[PDB]
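K.L.:
Contents of run.cif (mmCIF, N, CA and C atoms):
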data_run
#
loop_
_atom_site.group_PDB
_atom_site.id
_atom_site.type_symbol
_atom_site.label_atom_id
_atom_site.label_comp_id
_atom_site.auth_asym_id
_atom_site.auth_seq_id
_atom_site.Cartn_x
_atom_site.Cartn_y
_atom_site.Cartn_z
ATOM 1 N N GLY T 1 14.253 6.114 1.907
ATOM 2 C CA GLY T 1 13.214 6.082 0.888
ATOM 3 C C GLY T 1 11.867 6.194 1.515
ATOM 4 N N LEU T 2 10.853 5.804 0.796
ATOM 5 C CA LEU T 2 9.510 5.850 1.309
ATOM 6 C C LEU T 2 9.151 4.542 1.985
ATOM 7 N N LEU T 3 8.142 4.601 2.795
ATOM 8 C CA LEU T 3 7.635 3.474 3.525
ATOM 9 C C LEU T 3 6.511 2.860 2.715
ATOM 10 N N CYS T 4 6.515 1.563 2.575
ATOM 11 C CA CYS T 4 5.496 0.884 1.809
ATOM 12 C C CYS T 4 5.090 -0.407 2.494
ATOM 13 N N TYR T 5 3.853 -0.790 2.306
ATOM 14 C CA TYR T 5 3.285 -1.978 2.895
ATOM 15 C C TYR T 5 2.629 -2.815 1.814
ATOM 16 N N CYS T 6 2.750 -4.098 1.929
ATOM 17 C CA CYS T 6 2.066 -5.008 1.042
ATOM 18 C C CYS T 6 0.816 -5.497 1.756
ATOM 19 N N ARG T 7 -0.341 -4.992 1.366
ATOM 20 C CA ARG T 7 -1.568 -5.312 2.078
ATOM 21 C C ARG T 7 -2.507 -6.117 1.220
ATOM 22 N N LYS T 8 -3.347 -6.870 1.867
ATOM 23 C CA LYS T 8 -4.289 -7.721 1.202
ATOM 24 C C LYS T 8 -5.563 -6.971 0.786
ATOM 25 N N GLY T 9 -5.679 -6.733 -0.500
ATOM 26 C CA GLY T 9 -6.880 -6.185 -1.105
ATOM 27 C C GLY T 9 -7.162 -4.714 -0.852
ATOM 28 N N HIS T 10 -6.373 -4.052 -0.047
ATOM 29 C CA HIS T 10 -6.662 -2.667 0.267
ATOM 30 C C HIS T 10 -5.402 -1.923 0.635
ATOM 31 N N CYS T 11 -5.526 -0.630 0.721
ATOM 32 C CA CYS T 11 -4.481 0.236 1.205
ATOM 33 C C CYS T 11 -5.094 1.052 2.312
ATOM 34 N N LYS T 12 -4.325 1.434 3.300
ATOM 35 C CA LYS T 12 -4.878 2.206 4.387
ATOM 36 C C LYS T 12 -5.075 3.647 3.994
ATOM 37 N N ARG T 13 -5.798 4.351 4.828
ATOM 38 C CA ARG T 13 -6.069 5.747 4.642
ATOM 39 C C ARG T 13 -4.766 6.538 4.576
ATOM 40 N N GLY T 14 -4.511 7.111 3.434
ATOM 41 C CA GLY T 14 -3.333 7.901 3.249
ATOM 42 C C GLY T 14 -2.311 7.206 2.387
ATOM 43 N N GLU T 15 -2.498 5.932 2.140
ATOM 44 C CA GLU T 15 -1.541 5.187 1.351
ATOM 45 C C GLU T 15 -1.938 5.179 -0.108
ATOM 46 N N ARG T 16 -1.001 5.497 -0.953
ATOM 47 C CA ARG T 16 -1.216 5.508 -2.383
ATOM 48 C C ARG T 16 -0.817 4.153 -2.943
ATOM 49 N N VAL T 17 -1.479 3.716 -3.987
ATOM 50 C CA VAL T 17 -1.146 2.451 -4.612
ATOM 51 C C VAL T 17 0.068 2.654 -5.504
ATOM 52 N N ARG T 18 1.179 2.097 -5.103
ATOM 53 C CA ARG T 18 2.415 2.220 -5.847
ATOM 54 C C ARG T 18 2.453 1.202 -6.961
ATOM 55 N N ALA T 19 2.119 -0.011 -6.622
ATOM 56 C CA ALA T 19 2.176 -1.107 -7.552
ATOM 57 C C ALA T 19 1.351 -2.251 -7.019
ATOM 58 N N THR T 20 1.362 -3.328 -7.720
ATOM 59 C CA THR T 20 0.735 -4.513 -7.300
ATOM 60 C C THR T 20 1.778 -5.315 -6.500
ATOM 61 N N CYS T 21 1.362 -6.016 -5.478
ATOM 62 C CA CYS T 21 2.306 -6.782 -4.684
ATOM 63 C C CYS T 21 2.104 -8.274 -4.919
ATOM 64 N N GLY T 22 0.889 -8.645 -5.221
ATOM 65 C CA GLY T 22 0.556 -10.012 -5.479
ATOM 66 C C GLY T 22 -0.766 -10.062 -6.172
ATOM 67 N N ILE T 23 -1.420 -11.189 -6.168
ATOM 68 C CA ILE T 23 -2.733 -11.267 -6.781
ATOM 69 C C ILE T 23 -3.727 -10.546 -5.889
ATOM 70 N N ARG T 24 -3.779 -10.962 -4.663
ATOM 71 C CA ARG T 24 -4.656 -10.376 -3.681
ATOM 72 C C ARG T 24 -3.945 -9.271 -2.901
ATOM 73 N N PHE T 25 -2.715 -8.971 -3.264
ATOM 74 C CA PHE T 25 -1.935 -8.013 -2.503
ATOM 75 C C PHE T 25 -1.594 -6.760 -3.298
ATOM 76 N N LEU T 26 -1.790 -5.632 -2.668
ATOM 77 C CA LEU T 26 -1.495 -4.329 -3.235
ATOM 78 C C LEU T 26 -0.278 -3.764 -2.538
ATOM 79 N N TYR T 27 0.494 -2.981 -3.240
ATOM 80 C CA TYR T 27 1.664 -2.396 -2.667
ATOM 81 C C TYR T 27 1.360 -0.929 -2.423
ATOM 82 N N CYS T 28 1.114 -0.612 -1.192
ATOM 83 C CA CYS T 28 0.631 0.689 -0.810
ATOM 84 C C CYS T 28 1.709 1.449 -0.059
ATOM 85 N N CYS T 29 1.833 2.729 -0.320
ATOM 86 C CA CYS T 29 2.831 3.533 0.355
ATOM 87 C C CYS T 29 2.183 4.799 0.923
ATOM 88 N N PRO T 30 2.305 5.030 2.248
ATOM 89 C CA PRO T 30 1.836 6.257 2.911
ATOM 90 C C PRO T 30 2.270 7.537 2.179
ATOM 91 N N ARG T 31 1.322 8.443 2.004
ATOM 92 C CA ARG T 31 1.544 9.733 1.354
ATOM 93 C C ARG T 31 2.580 10.538 2.135
ATOM 94 N N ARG T 32 2.505 10.445 3.441
ATOM 95 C CA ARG T 32 3.451 11.065 4.333
ATOM 96 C C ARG T 32 3.989 10.001 5.259
#
Could you express the structure from this file as structure tokens?
P.N.:
Amino acid sequence: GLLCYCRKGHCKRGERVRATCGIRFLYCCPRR
């Protein structure tokens, strides 16, 4: 599947916001 990270308040360059991960946490997944 795709790679995703649960980051605090931001997503890294290239990561799309897939969903919310927590209150202060975003669920970001690299475009590539």
K.L.:
Show me, as a list in words, the residues that have an atom within 8 Å of residue 21 in chain T when counting all atoms listed in the file, minus same-chain residues fewer than 5 positions from it.
P.N.:
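Using all atoms listed in the file, the neighbours found are residues 5, 6, 7, 26, 27 and 28 of chain T.
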K.L.:
I need the chosen residues saved as a short mmCIF file (atom, residue, chain, number, x, y, z; two decimals), in the coordinates of the input, with N, CA and C atoms.
P.N.:
data_model
loop_
_atom_site.label_atom_id
_atom_site.label_comp_id
_atom_site.auth_asym_id
_atom_site.auth_seq_id
_atom_site.Cartn_x
_atom_site.Cartn_y
_atom_site.Cartn_z
N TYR T 5 3.85 -0.79 2.31
CA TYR T 5 3.28 -1.98 2.90
C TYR T 5 2.63 -2.82 1.81
N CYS T 6 2.75 -4.10 1.93
CA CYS T 6 2.07 -5.01 1.04
C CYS T 6 0.82 -5.50 1.76
N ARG T 7 -0.34 -4.99 1.37
CA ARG T 7 -1.57 -5.31 2.08
C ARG T 7 -2.51 -6.12 1.22
N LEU T 26 -1.79 -5.63 -2.67
CA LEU T 26 -1.50 -4.33 -3.24
C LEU T 26 -0.28 -3.76 -2.54
N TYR T 27 0.49 -2.98 -3.24
CA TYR T 27 1.66 -2.40 -2.67
C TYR T 27 1.36 -0.93 -2.42
N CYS T 28 1.11 -0.61 -1.19
CA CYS T 28 0.63 0.69 -0.81
C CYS T 28 1.71 1.45 -0.06
#
K.L.:
Measure the distance from atom C of residue 13 in chain T to atom C of residue 1 in chain T in Å and round it to one decimal.
P.N.:
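Between atom C of residue 13 in chain T and atom C of residue 1 in chain T the gap works out to 16.9 Å.
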K.L.:
List the neighbours of residue 29 in chain T out to 6 Å using all atoms listed in the file; skip same-chain residues closer than 5 positions along the sequence, and give me the result as a PyMOL selection string.
P.N.:
chain T and resi 3-5+14-18
K.L.:
Quick one, how far is atom C of residue 12 in chain T from atom N of residue 24 in chain T?
P.N.:
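Interatomic distance, atom C of residue 12 in chain T to atom N of residue 24 in chain T: 17.0 Å.
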K.L.:
Based on the backbone DSSP call, show me all residues of chain T assigned strand (DSSP E), as a compact mmCIF listing (two decimals) with N, CA and C atoms, keeping the file's coordinate frame.
P.N.:
# COMPACT_ATOMS: atom_id res chain seq x y z
N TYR T 5 3.85 -0.79 2.31
CA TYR T 5 3.28 -1.98 2.90
C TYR T 5 2.63 -2.82 1.81
N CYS T 6 2.75 -4.10 1.93
CA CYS T 6 2.07 -5.01 1.04
C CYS T 6 0.82 -5.50 1.76
N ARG T 7 -0.34 -4.99 1.37
CA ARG T 7 -1.57 -5.31 2.08
C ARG T 7 -2.51 -6.12 1.22
N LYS T 8 -3.35 -6.87 1.87
CA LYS T 8 -4.29 -7.72 1.20
C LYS T 8 -5.56 -6.97 0.79
N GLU T 15 -2.50 5.93 2.14
CA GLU T 15 -1.54 5.19 1.35
C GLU T 15 -1.94 5.18 -0.11
N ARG T 16 -1.00 5.50 -0.95
CA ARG T 16 -1.22 5.51 -2.38
C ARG T 16 -0.82 4.15 -2.94
N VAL T 17 -1.48 3.72 -3.99
CA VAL T 17 -1.15 2.45 -4.61
C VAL T 17 0.07 2.65 -5.50
N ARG T 18 1.18 2.10 -5.10
CA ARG T 18 2.42 2.22 -5.85
C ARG T 18 2.45 1.20 -6.96
N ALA T 19 2.12 -0.01 -6.62
CA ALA T 19 2.18 -1.11 -7.55
C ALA T 19 1.35 -2.25 -7.02
N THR T 20 1.36 -3.33 -7.72
CA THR T 20 0.74 -4.51 -7.30
C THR T 20 1.78 -5.32 -6.50
N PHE T 25 -2.72 -8.97 -3.26
CA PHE T 25 -1.94 -8.01 -2.50
C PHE T 25 -1.59 -6.76 -3.30
N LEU T 26 -1.79 -5.63 -2.67
CA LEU T 26 -1.50 -4.33 -3.24
C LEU T 26 -0.28 -3.76 -2.54
N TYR T 27 0.49 -2.98 -3.24
CA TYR T 27 1.66 -2.40 -2.67
C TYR T 27 1.36 -0.93 -2.42
N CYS T 28 1.11 -0.61 -1.19
CA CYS T 28 0.63 0.69 -0.81
C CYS T 28 1.71 1.45 -0.06
N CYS T 29 1.83 2.73 -0.32
CA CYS T 29 2.83 3.53 0.36
C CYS T 29 2.18 4.80 0.92
N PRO T 30 2.31 5.03 2.25
CA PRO T 30 1.84 6.26 2.91
C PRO T 30 2.27 7.54 2.18
K.L.:
Quick one: 6 Å padding each side, axis-aligned, all listed atoms of range 25-32 of chain T - centre and edge lengths in Å to one decimal, as lines of an AutoDock Vina configuration file?
P.N.:
center_x = 0.6
center_y = 1.0
center_z = 1.0
size_x = 18.7
size_y = 32.0
size_z = 20.6
K.L.:
Please report the interatomic distance between atom N of residue 30 in chain T and atom C of residue 11 in chain T in Å with one decimal.
P.N.:
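Pair atom N of residue 30 in chain T / atom C of residue 11 in chain T returns 8.4 Å.
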K.L.:
Restore N, CA, C and O atoms in range 14-29 of chain T and list the result as a CSV table (one decimal), in the coordinates of the input.
P.N.:
chain,number,residue,atom,x,y,z
T,14,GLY,N,-4.5,7.1,3.4
T,14,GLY,CA,-3.3,7.9,3.2
T,14,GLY,C,-2.3,7.2,2.4
T,14,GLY,O,-1.4,7.8,1.9
T,15,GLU,N,-2.5,5.9,2.1
T,15,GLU,CA,-1.5,5.2,1.4
T,15,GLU,C,-1.9,5.2,-0.1
T,15,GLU,O,-3.1,4.9,-0.4
T,16,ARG,N,-1.0,5.5,-1.0
T,16,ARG,CA,-1.2,5.5,-2.4
T,16,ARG,C,-0.8,4.2,-2.9
T,16,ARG,O,0.1,3.5,-2.4
T,17,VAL,N,-1.5,3.7,-4.0
T,17,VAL,CA,-1.1,2.5,-4.6
T,17,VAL,C,0.1,2.7,-5.5
T,17,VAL,O,0.0,3.3,-6.5
T,18,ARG,N,1.2,2.1,-5.1
T,18,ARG,CA,2.4,2.2,-5.8
T,18,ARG,C,2.5,1.2,-7.0
T,18,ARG,O,2.7,1.5,-8.1
T,19,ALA,N,2.1,0.0,-6.6
T,19,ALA,CA,2.2,-1.1,-7.6
T,19,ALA,C,1.4,-2.3,-7.0
T,19,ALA,O,0.7,-2.1,-6.0
T,20,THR,N,1.4,-3.3,-7.7
T,20,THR,CA,0.7,-4.5,-7.3
T,20,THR,C,1.8,-5.3,-6.5
T,20,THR,O,3.0,-5.2,-6.8
T,21,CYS,N,1.4,-6.0,-5.5
T,21,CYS,CA,2.3,-6.8,-4.7
T,21,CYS,C,2.1,-8.3,-4.9
T,21,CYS,O,3.1,-9.1,-4.9
T,22,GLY,N,0.9,-8.6,-5.2
T,22,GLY,CA,0.6,-10.0,-5.5
T,22,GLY,C,-0.8,-10.1,-6.2
T,22,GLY,O,-1.2,-9.0,-6.7
T,23,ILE,N,-1.4,-11.2,-6.2
T,23,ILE,CA,-2.7,-11.3,-6.8
T,23,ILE,C,-3.7,-10.5,-5.9
T,23,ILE,O,-4.4,-9.6,-6.3
T,24,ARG,N,-3.8,-11.0,-4.7
T,24,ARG,CA,-4.7,-10.4,-3.7
T,24,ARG,C,-3.9,-9.3,-2.9
T,24,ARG,O,-4.5,-8.7,-2.0
T,25,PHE,N,-2.7,-9.0,-3.3
T,25,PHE,CA,-1.9,-8.0,-2.5
T,25,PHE,C,-1.6,-6.8,-3.3
T,25,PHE,O,-1.1,-6.8,-4.4
T,26,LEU,N,-1.8,-5.6,-2.7
T,26,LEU,CA,-1.5,-4.3,-3.2
T,26,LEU,C,-0.3,-3.8,-2.5
T,26,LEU,O,0.0,-4.1,-1.4
T,27,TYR,N,0.5,-3.0,-3.2
T,27,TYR,CA,1.7,-2.4,-2.7
T,27,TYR,C,1.4,-0.9,-2.4
T,27,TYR,O,1.3,-0.1,-3.4
T,28,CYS,N,1.1,-0.6,-1.2
T,28,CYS,CA,0.6,0.7,-0.8
T,28,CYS,C,1.7,1.4,-0.1
T,28,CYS,O,2.4,0.9,0.7
T,29,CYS,N,1.8,2.7,-0.3
T,29,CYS,CA,2.8,3.5,0.4
T,29,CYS,C,2.2,4.8,0.9
T,29,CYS,O,1.5,5.5,0.2
